[PDB]
Amino acid sequence: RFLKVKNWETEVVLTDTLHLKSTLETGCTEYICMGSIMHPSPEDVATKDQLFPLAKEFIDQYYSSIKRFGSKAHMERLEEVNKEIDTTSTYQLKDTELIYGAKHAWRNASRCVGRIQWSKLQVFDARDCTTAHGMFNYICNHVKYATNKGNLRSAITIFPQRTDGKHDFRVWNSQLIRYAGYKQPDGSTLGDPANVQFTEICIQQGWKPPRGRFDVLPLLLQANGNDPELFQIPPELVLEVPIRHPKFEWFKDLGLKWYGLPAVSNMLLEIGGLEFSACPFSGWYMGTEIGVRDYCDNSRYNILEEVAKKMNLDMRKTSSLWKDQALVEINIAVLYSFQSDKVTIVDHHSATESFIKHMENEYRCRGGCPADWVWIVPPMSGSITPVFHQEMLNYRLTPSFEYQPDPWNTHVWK
Amino acid sequence: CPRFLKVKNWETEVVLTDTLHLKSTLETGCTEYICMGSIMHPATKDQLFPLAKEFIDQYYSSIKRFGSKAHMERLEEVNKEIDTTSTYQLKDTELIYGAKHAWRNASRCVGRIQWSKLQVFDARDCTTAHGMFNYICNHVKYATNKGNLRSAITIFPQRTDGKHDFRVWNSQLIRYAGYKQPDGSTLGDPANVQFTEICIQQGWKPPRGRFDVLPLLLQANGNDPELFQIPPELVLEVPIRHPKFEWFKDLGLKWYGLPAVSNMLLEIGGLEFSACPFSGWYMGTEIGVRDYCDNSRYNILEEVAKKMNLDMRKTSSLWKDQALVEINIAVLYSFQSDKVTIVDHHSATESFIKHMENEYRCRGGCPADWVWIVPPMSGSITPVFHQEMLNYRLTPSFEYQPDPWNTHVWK
Ligand code: HEM
Ligand code: HEM
Ligand SMILES: Cc1cc(N)nc(CCc2cc(CCN3CCN(C)CC3)cc(F)c2F)c1
Ligand SMILES: Cc1cc(N)nc(CCc2cc(CCN3CCN(C)CC3)cc(F)c2F)c1
Ligand SMILES: C[C@H](O)[C@H](O)[C@H]1CNc2nc(N)[nH]c(=O)c2N1
Ligand SMILES: C[C@H](O)[C@H](O)[C@H]1CNc2nc(N)[nH]c(=O)c2N1
Ligand SMILES: [Zn+2]
């Protein structure tokens, strides 16, 4: 009812009341904590009986936000919604409700450290779309708008909500822009190893792969439960940064580059019990995502060795910290490169400090701020960023982004 | 909680099935609605006996003799002894088993592959602070072992009524001192200002430099605590130099060899050993990242990078990161040159994955706190970052307990 969190570096204490409005499973029980499990665990469409309570709850809070709680607008909306559910077994969100819900799902995303930006989100209503070609057009405009010549702008595009589960819209890509990965007969991997399965699907659908280290994957788009269709994103819309280093003249010879726009397209947006299974959203990068995870995870581009080599690092024993030494210079290269090309990026120190400031303001004005420590803390230099020493509470507020099965595991073909 | 619980390693796709969690008992603090995995810290007649019953069962189950020979008569004996003494006293074998399993069940501890190679010092005959000091001195000398450190625990008398607790008032057997300065700043270890002031209030004569070794403040049987100076020749210390930066030695940095936790409470069979200092050897990052680089500790980043002559204006130069790596290089290089036992976070984390695999195979699970197990530097390049971990409390265990000065009724 009045849960306290403490910062162990500053001794600031915060009081959380917002946790009382939480709902869905964390995955934890009184006896077991799952806060490091990645995701705790078709038919999934709700009844009329399940829907109105969820809908009423979301409408009640929308109206509470606009300072109209209990108004005649509020009461007619509740009636309009209840009646629409009763006669059509679902309901449609006003455009105002759609924008509020998108922004609040971002605000409520406990694993997201950049939520200080949550209310500055551009929302593209794509609920009038009916085909895969239409989807391709809607996504291109999103990419072009969000990219903005390097001055990135947060955005989400929202396609039609689920109905009976059998007519879903999906983006089969997990992100709008990612690089292919090709496994070789000899077990080696060309390109990004994370993407080998999906690259294989693309090729199976007719994609002619150029078979390179940095090939942009086609889009694979599903409208109204139909089979998905392929579309090349027009290359002039895919902004890319070549990775050089302020001090090492040789770093450019590593031939590394990355795309500027991170855009998640495999999650599911829940608003008032309604499920938007295709809602690609996009922000700008924290530098550690590229330089620590994409380049350095052993199951990703795995360049630590090569960088280490060119630094002439003693790689005999681990205790030389040759990996730690090499990772820092990679992450210096990535930030310096985006900055040099005026492509929006944020470093892990700036980003985490901003988050603490956000979290503190959310406690003051909203009464809480659910945060997943295991994801908020950056994957390098942890304890020298302020979030490490920050106690956080994790709970699920709705509206929310949620994981959903991979469409190729669920879709039934024709 | 369901028949299984599987956990996955994302870097390797290795999957492990947990069944041990069906034996946890106490609150994690989490509920189905909210999770507290990052919060630091979320008996009488009927109370005491069933905890003893479970442990003895656990013990006799642990030696292929469940329900067997002495087992029932040990259950009888414990039942009988509680009836007369209100509590009961652990056999030497039980004490060794419980202490080793307290380490085993320590979800926050990355070193637990070593758990069963623990040296147990039974100090349950102690009666005075002078005796506590002797028992501790012998622990420190054994555990230090001229640099080839060995893990040990010394267990003082169990609690009996709260009025007569045995307490080590230092949080570690060996810490440096912290002095407030006439101009608001701090000299020494800033985490230790309060304790340093208590010791001075108690008559400690401080030399007033950075790395002054704190005295021992021992409390036996609930009486007021007493100061003792550990004999310097027992306190192994390492001067931190760098294998590349000649100027690094000029930083004046040194640190001690023996991490030895003296403020926690060891729980076996419902009994409470409020004095039980235990010591291992260091993971390099504890010294280099946390002690040296936490802003509320020695806070040397600015110092190091300034002599590294790094661009310290904008954060995105990553000057803190660069200096941080160099510092922890110097710590490992310093301990290894002085042949003092130390482990880096790559070896340690890799060791913990083997242990996890071992525990799942032989025991059916291994409680781990991902938040504490992942090193505070270079997270995702160690193997524990990609390891799912379940966390749950098993007994016997080490627990936290209140600072004695917040609770002590002075004689
Ligand atoms: C504005 C700049 C943004 C920054 C700097 C940022 C930062 C991050 C980072 C570093 C992660 C962890 C990703 C990983 O390690 O895989 C993350 C996750 C996430 N972000 Fe943000 N983000 C931003 C924008 C957004 C927006 C616009 C939304 C939604 C409208 C959003 C929703 C999420 C969600 C749902 C996750 C969880 C991802 C998952 O569970 O797989 N973020 N964010
Ligand atoms: C032998 C080498 C050992 C290594 C390398 C090691 C490593 C570590 C590290 C790095 C931590 C985190 C400490 C912190 O960040 O404050 C920790 C915590 C802990 N270790 Fe170990 N450890 C070792 C031995 C032991 C022994 C012998 C015991 C008990 C008999 C033990 C019990 C614990 C406990 C209870 C914690 C929890 C700390 C807390 O709650 O504050 N460890 N260990
Ligand atoms: C909106 C937004 C802002 C921001 N800064 N970052 C993101 C994450 C995007 C992103 C994440 C990933 C990796 C995430 N996966 C890895 C596999 N694992 C099993 C599940 C999690 C790769 C991208 F190529 C990519 F683009 C989104
Ligand atoms: C057995 C063992 C082996 C090993 N390698 N390390 C340890 C950690 C001990 C240790 C920890 C600390 C600080 C840790 N505190 C900070 C405050 N926070 C609220 C709780 C944790 C300082 C020591 F001087 C010290 F020694 C124990
Ligand atoms: C608030 C947060 O839980 C706290 O700072 C934790 C984070 N993880 C940690 N992990 C270790 N090993 N040691 C610590 O002291 C901490 N501190
Ligand atoms: C098992 C573990 O939860 C997993 O590796 C998580 C840990 N924390 C993370 N944190 C971020 N920001 N991104 C991630 O992908 C992960 N992966
Ligand atoms: Zn939990």
# chains A, B, ... in the order shown; residues from 1 in each chain; ligands from 1
$ residues_around --residues "residue B:231" --least-positions-apart "5" --cutoff "12 Å" --atoms "only C-alpha atoms" --output "ChimeraX atom specification"
/B:133-134,136-138,140-141,174,213-216,236
$ residues_near_ligand --ligand "ligand 7" --cutoff "9 Å" --atoms "only C-alpha atoms and all ligand atoms" --output "PyMOL selection string"
(chain A and resi 26-30+32-36+394) or (chain B and resi 28-32+34-38+391)
$ select_by_dssp --residues "stretch 104-240 of chain B" --states "strand (DSSP E)" --output "PyMOL selection string"
chain B and resi 119-122+152-155+167-168+178-180+186-188+216-219+226-228+237-239
$ closest_residue --among "A:219, A:267, A:203, A:171" --to "ligand 1" --atoms "only C-alpha atoms and all ligand atoms"
A:267
$ residues_around --residues "stretch 332-334 of chain A" --least-positions-apart "3" --cutoff "6 Å" --atoms "only C-alpha atoms" --output "VMD selection string"
chain A and resid 243 to 245 329 337
$ interface_residues --of "chain B" --to "chain A" --cutoff "7 Å" --atoms "only C-alpha atoms" --output "short mmCIF file (atom, residue, chain, number, x, y, z; two decimals) with N, CA and C atoms, in the first residue's frame"
data_model
loop_
_atom_site.label_atom_id
_atom_site.label_comp_id
_atom_site.auth_asym_id
_atom_site.auth_seq_id
_atom_site.Cartn_x
_atom_site.Cartn_y
_atom_site.Cartn_z
N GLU B 11 22.65 -17.21 -24.48
CA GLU B 11 23.84 -17.27 -25.31
C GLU B 11 24.08 -18.69 -25.82
N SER B 24 11.65 -24.36 -1.01
CA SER B 24 11.72 -23.06 -0.36
C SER B 24 10.55 -22.91 0.62
N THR B 25 10.65 -21.92 1.52
CA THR B 25 9.67 -21.81 2.59
C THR B 25 9.35 -20.37 2.96
N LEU B 26 10.35 -19.50 2.90
CA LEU B 26 10.16 -18.15 3.41
C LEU B 26 9.85 -17.20 2.25
N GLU B 27 9.41 -16.00 2.61
CA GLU B 27 9.02 -15.01 1.61
C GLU B 27 10.22 -14.61 0.77
N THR B 28 10.02 -14.53 -0.55
CA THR B 28 10.95 -13.75 -1.35
C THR B 28 10.67 -12.26 -1.22
N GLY B 29 9.42 -11.90 -0.89
CA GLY B 29 8.94 -10.54 -0.94
C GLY B 29 8.09 -10.26 -2.16
N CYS B 30 8.43 -10.86 -3.29
CA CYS B 30 7.63 -10.76 -4.49
C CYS B 30 6.24 -11.32 -4.24
N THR B 31 5.27 -10.84 -5.02
CA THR B 31 3.97 -11.46 -5.07
C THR B 31 3.64 -11.73 -6.53
N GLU B 32 2.43 -12.22 -6.78
CA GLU B 32 2.04 -12.36 -8.16
C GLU B 32 1.86 -11.00 -8.81
N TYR B 33 1.50 -9.99 -8.02
CA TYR B 33 1.31 -8.66 -8.56
C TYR B 33 2.60 -7.86 -8.67
N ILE B 34 3.51 -7.92 -7.72
CA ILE B 34 4.69 -7.09 -7.88
C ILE B 34 5.93 -7.85 -7.44
N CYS B 35 7.05 -7.56 -8.10
CA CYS B 35 8.30 -8.28 -7.95
C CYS B 35 9.34 -7.36 -7.35
N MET B 36 10.12 -7.91 -6.42
CA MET B 36 11.07 -7.16 -5.60
C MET B 36 12.50 -7.67 -5.76
N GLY B 37 12.81 -8.23 -6.93
CA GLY B 37 14.12 -8.81 -7.17
C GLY B 37 15.29 -7.84 -7.08
N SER B 38 15.03 -6.53 -6.95
CA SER B 38 16.08 -5.52 -6.86
C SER B 38 16.00 -4.71 -5.57
N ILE B 39 15.10 -5.06 -4.67
CA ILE B 39 15.11 -4.51 -3.33
C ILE B 39 16.21 -5.20 -2.52
N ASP B 294 32.74 3.48 -6.78
CA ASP B 294 31.50 4.04 -6.25
C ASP B 294 31.74 5.47 -5.78
N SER B 296 30.20 7.04 -3.54
CA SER B 296 30.08 7.08 -2.09
C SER B 296 31.17 6.27 -1.39
N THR B 315 30.18 13.00 -21.28
CA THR B 315 30.08 11.61 -20.86
C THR B 315 30.34 10.63 -22.00
N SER B 316 29.97 10.99 -23.23
CA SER B 316 30.03 10.07 -24.36
C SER B 316 31.45 9.74 -24.80
N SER B 317 32.45 10.48 -24.32
CA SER B 317 33.83 10.02 -24.49
C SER B 317 34.09 8.72 -23.75
N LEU B 318 33.25 8.39 -22.76
CA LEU B 318 33.36 7.16 -21.98
C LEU B 318 34.61 7.15 -21.10
N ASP B 321 34.41 4.88 -18.15
CA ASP B 321 34.57 3.48 -18.56
C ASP B 321 36.04 3.15 -18.76
N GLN B 322 36.74 3.98 -19.53
CA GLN B 322 38.14 3.70 -19.83
C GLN B 322 38.95 3.57 -18.55
N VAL B 325 38.21 0.37 -16.51
CA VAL B 325 38.88 -0.83 -16.98
C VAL B 325 40.34 -0.85 -16.51
N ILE B 329 42.37 -3.54 -14.08
CA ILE B 329 43.55 -4.23 -14.57
C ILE B 329 44.64 -4.18 -13.51
N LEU B 332 43.94 -6.60 -10.40
CA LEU B 332 44.31 -7.99 -10.68
C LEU B 332 45.82 -8.16 -10.77
N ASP B 344 39.29 -12.79 -11.28
CA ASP B 344 38.60 -11.83 -12.14
C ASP B 344 37.20 -12.33 -12.50
N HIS B 346 35.60 -12.66 -15.26
CA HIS B 346 35.42 -13.64 -16.34
C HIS B 346 35.59 -15.07 -15.83
N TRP B 370 20.20 -13.02 -9.98
CA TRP B 370 20.85 -12.45 -11.16
C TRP B 370 21.35 -11.04 -10.88
N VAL B 371 20.57 -10.26 -10.13
CA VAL B 371 20.91 -8.88 -9.83
C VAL B 371 22.26 -8.78 -9.14
N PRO B 376 29.45 -5.97 -11.63
CA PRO B 376 29.09 -4.57 -11.87
C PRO B 376 29.85 -3.91 -13.01
N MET B 377 30.70 -4.63 -13.74
CA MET B 377 31.33 -4.07 -14.94
C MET B 377 31.32 -5.14 -16.01
N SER B 378 31.21 -4.71 -17.27
CA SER B 378 31.28 -5.63 -18.41
C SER B 378 30.21 -6.72 -18.34
N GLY B 379 29.05 -6.40 -17.79
CA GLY B 379 27.96 -7.35 -17.64
C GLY B 379 27.83 -8.36 -18.75
N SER B 380 27.32 -7.93 -19.91
CA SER B 380 26.89 -8.87 -20.93
C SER B 380 28.04 -9.65 -21.56
N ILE B 381 29.30 -9.30 -21.31
CA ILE B 381 30.33 -10.16 -21.87
C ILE B 381 30.67 -11.32 -20.94
N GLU B 388 19.26 -17.24 -17.38
CA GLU B 388 18.11 -17.14 -16.52
C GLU B 388 18.42 -17.81 -15.18
N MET B 389 17.90 -17.21 -14.11
CA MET B 389 18.08 -17.71 -12.75
C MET B 389 16.77 -17.57 -12.00
N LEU B 390 16.36 -18.63 -11.32
CA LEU B 390 15.33 -18.58 -10.30
C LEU B 390 15.95 -18.30 -8.94
N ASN B 391 15.20 -17.55 -8.13
CA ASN B 391 15.66 -17.19 -6.81
C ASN B 391 14.61 -17.59 -5.78
N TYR B 392 15.07 -18.22 -4.70
CA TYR B 392 14.22 -18.70 -3.63
C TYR B 392 15.13 -19.02 -2.45
#
$ closest_atom_pairs --of "chain A" --to "ligand 3" --cutoff "6 Å" --atoms "only C-alpha atoms and all ligand atoms" --output "CSV"
residue,atom,partner,partner_atom_place_in_ligand_line,distance
A:175,CA,ligand 3,26 (F),5.6
A:178,CA,ligand 3,24 (F),5.4
A:262,CA,ligand 3,26 (F),3.8
A:263,CA,ligand 3,1 (C),5.2
A:264,CA,ligand 3,27 (C),5.3
A:281,CA,ligand 3,1 (C),5.6
A:282,CA,ligand 3,1 (C),4.1
A:283,CA,ligand 3,1 (C),4.4
A:284,CA,ligand 3,5 (N),5.0
A:285,CA,ligand 3,5 (N),3.9
A:286,CA,ligand 3,5 (N),5.4
$ write_last_selection --atoms "N, CA, C and O atoms" --output "PDB file, in the first residue's frame"
ATOM      1  N   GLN A 175      12.225  -6.525 -36.073  1.00  0.00           N
ATOM      2  CA  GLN A 175      12.470  -5.094 -36.187  1.00  0.00           C
ATOM      3  C   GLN A 175      12.390  -4.689 -37.661  1.00  0.00           C
ATOM      4  O   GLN A 175      12.707  -5.485 -38.557  1.00  0.00           O
ATOM      5  N   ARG A 178      16.819  -4.791 -39.901  1.00  0.00           N
ATOM      6  CA  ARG A 178      17.855  -5.673 -39.361  1.00  0.00           C
ATOM      7  C   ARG A 178      18.624  -6.300 -40.510  1.00  0.00           C
ATOM      8  O   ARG A 178      18.134  -6.377 -41.641  1.00  0.00           O
ATOM      9  N   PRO A 262      16.226   2.129 -34.559  1.00  0.00           N
ATOM     10  CA  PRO A 262      15.774   0.909 -33.877  1.00  0.00           C
ATOM     11  C   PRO A 262      14.254   0.908 -33.812  1.00  0.00           C
ATOM     12  O   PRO A 262      13.652   1.823 -33.245  1.00  0.00           O
ATOM     13  N   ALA A 263      13.625  -0.130 -34.360  1.00  0.00           N
ATOM     14  CA  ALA A 263      12.170  -0.129 -34.469  1.00  0.00           C
ATOM     15  C   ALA A 263      11.645  -1.526 -34.195  1.00  0.00           C
ATOM     16  O   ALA A 263      11.828  -2.426 -35.019  1.00  0.00           O
ATOM     17  N   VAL A 264      10.958  -1.691 -33.072  1.00  0.00           N
ATOM     18  CA  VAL A 264      10.464  -2.993 -32.644  1.00  0.00           C
ATOM     19  C   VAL A 264       9.091  -3.231 -33.249  1.00  0.00           C
ATOM     20  O   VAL A 264       8.171  -2.431 -33.060  1.00  0.00           O
ATOM     21  N   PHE A 281       6.984   0.295 -33.404  1.00  0.00           N
ATOM     22  CA  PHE A 281       7.348   1.561 -32.771  1.00  0.00           C
ATOM     23  C   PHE A 281       8.858   1.726 -32.862  1.00  0.00           C
ATOM     24  O   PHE A 281       9.592   0.773 -33.114  1.00  0.00           O
ATOM     25  N   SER A 282       9.332   2.944 -32.654  1.00  0.00           N
ATOM     26  CA  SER A 282      10.703   3.233 -33.013  1.00  0.00           C
ATOM     27  C   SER A 282      11.143   4.434 -32.197  1.00  0.00           C
ATOM     28  O   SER A 282      10.341   5.327 -31.923  1.00  0.00           O
ATOM     29  N   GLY A 283      12.414   4.443 -31.802  1.00  0.00           N
ATOM     30  CA  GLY A 283      12.964   5.521 -30.998  1.00  0.00           C
ATOM     31  C   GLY A 283      14.303   5.951 -31.551  1.00  0.00           C
ATOM     32  O   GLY A 283      14.435   6.121 -32.768  1.00  0.00           O
ATOM     33  N   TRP A 284      15.306   6.127 -30.680  1.00  0.00           N
ATOM     34  CA  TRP A 284      16.702   6.211 -31.076  1.00  0.00           C
ATOM     35  C   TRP A 284      17.543   5.366 -30.112  1.00  0.00           C
ATOM     36  O   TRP A 284      17.078   4.982 -29.039  1.00  0.00           O
ATOM     37  N   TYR A 285      18.784   5.065 -30.517  1.00  0.00           N
ATOM     38  CA  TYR A 285      19.604   4.070 -29.833  1.00  0.00           C
ATOM     39  C   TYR A 285      20.321   4.643 -28.611  1.00  0.00           C
ATOM     40  O   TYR A 285      20.865   5.752 -28.644  1.00  0.00           O
ATOM     41  N   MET A 286      20.352   3.860 -27.539  1.00  0.00           N
ATOM     42  CA  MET A 286      21.464   3.944 -26.604  1.00  0.00           C
ATOM     43  C   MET A 286      22.655   3.221 -27.223  1.00  0.00           C
ATOM     44  O   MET A 286      22.497   2.155 -27.820  1.00  0.00           O
TER      45      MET A 286
END
$ residues_around --residues "residue A:89" --least-positions-apart "4" --cutoff "9 Å" --atoms "only C-alpha atoms" --output "PDB file with N, CA and C atoms, in the first residue's frame"
ATOM      1  N   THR A  47     -13.945 -12.855 -24.334  1.00  0.00           N
ATOM      2  CA  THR A  47     -15.396 -12.903 -24.423  1.00  0.00           C
ATOM      3  C   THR A  47     -15.981 -11.493 -24.308  1.00  0.00           C
ATOM      4  N   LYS A  48     -17.306 -11.384 -24.444  1.00  0.00           N
ATOM      5  CA  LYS A  48     -17.972 -10.144 -24.051  1.00  0.00           C
ATOM      6  C   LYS A  48     -17.784  -9.894 -22.562  1.00  0.00           C
ATOM      7  N   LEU A  51     -14.462  -8.554 -21.687  1.00  0.00           N
ATOM      8  CA  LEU A  51     -14.058  -7.329 -22.374  1.00  0.00           C
ATOM      9  C   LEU A  51     -14.566  -6.070 -21.680  1.00  0.00           C
ATOM     10  N   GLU A  84     -21.661  -1.055 -27.735  1.00  0.00           N
ATOM     11  CA  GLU A  84     -20.936  -1.541 -28.904  1.00  0.00           C
ATOM     12  C   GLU A  84     -20.361  -2.934 -28.662  1.00  0.00           C
ATOM     13  N   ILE A  85     -19.785  -3.172 -27.481  1.00  0.00           N
ATOM     14  CA  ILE A  85     -19.331  -4.522 -27.164  1.00  0.00           C
ATOM     15  C   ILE A  85     -20.500  -5.483 -27.234  1.00  0.00           C
TER      16      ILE A  85
END
$ residues_near_ligand --ligand "ligand 4" --cutoff "8 Å" --atoms "only C-alpha atoms and all ligand atoms" --output "ChimeraX atom specification"
/A:8 /B:40,109,111,151,171-175,258-261,278-283,286,290-291
$ residues_around --residues "residue A:146" --least-positions-apart "4" --cutoff "8 Å" --atoms "only C-alpha atoms" --output "list in words"
residues 142, 152, 153, 154, 155, 261, 282 and 283 of chain A
$ select_by_dssp --residues "stretch 117-323 of chain A" --states "alpha helix (DSSP H)" --output "PyMOL selection string"
chain A and resi 132-147+196-204+287-288+295-296+304-310+322-323
$ write_last_selection --atoms "C-alpha atoms" --output "compact mmCIF listing (two decimals), in the first residue's frame"
# COMPACT_ATOMS: atom_id res chain seq x y z
CA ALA A 132 0.04 -6.15 -47.15
CA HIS A 133 0.80 -3.47 -49.76
CA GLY A 134 -1.06 -0.95 -47.62
CA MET A 135 1.05 -2.03 -44.66
CA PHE A 136 4.23 -1.54 -46.68
CA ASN A 137 3.15 2.01 -47.52
CA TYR A 138 2.29 2.80 -43.90
CA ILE A 139 5.63 1.47 -42.65
CA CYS A 140 7.68 3.43 -45.21
CA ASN A 141 6.08 6.71 -44.16
CA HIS A 142 6.86 5.70 -40.54
CA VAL A 143 10.51 5.02 -41.40
CA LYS A 144 10.88 8.25 -43.38
CA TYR A 145 9.10 10.30 -40.70
CA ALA A 146 10.99 8.77 -37.76
CA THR A 147 14.39 8.83 -39.47
CA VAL A 196 19.43 -16.76 -39.55
CA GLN A 197 16.00 -18.35 -39.12
CA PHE A 198 14.13 -15.29 -40.36
CA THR A 199 16.58 -14.82 -43.24
CA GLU A 200 15.81 -18.41 -44.21
CA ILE A 201 12.07 -17.67 -44.21
CA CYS A 202 12.62 -14.64 -46.45
CA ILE A 203 14.65 -16.68 -48.93
CA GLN A 204 11.94 -19.34 -48.91
CA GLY A 287 25.02 3.26 -27.79
CA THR A 288 25.49 0.11 -25.71
CA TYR A 295 28.87 -6.20 -31.96
CA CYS A 296 30.17 -8.14 -28.92
CA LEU A 304 36.00 -8.40 -29.58
CA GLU A 305 38.81 -10.66 -30.78
CA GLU A 306 39.52 -8.64 -33.92
CA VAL A 307 39.44 -5.27 -32.17
CA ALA A 308 41.64 -6.70 -29.40
CA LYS A 309 44.12 -7.95 -32.01
CA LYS A 310 44.46 -4.54 -33.65
CA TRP A 322 41.55 -7.54 -22.83
CA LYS A 323 37.83 -7.98 -23.54
$ residues_around --residues "residue B:91" --least-positions-apart "6" --cutoff "12 Å" --atoms "only C-alpha atoms" --output "NGL selection string"
:B and (56 or 59 or 74 or 77-78 or 97-98 or 122 or 124 or 268-269)
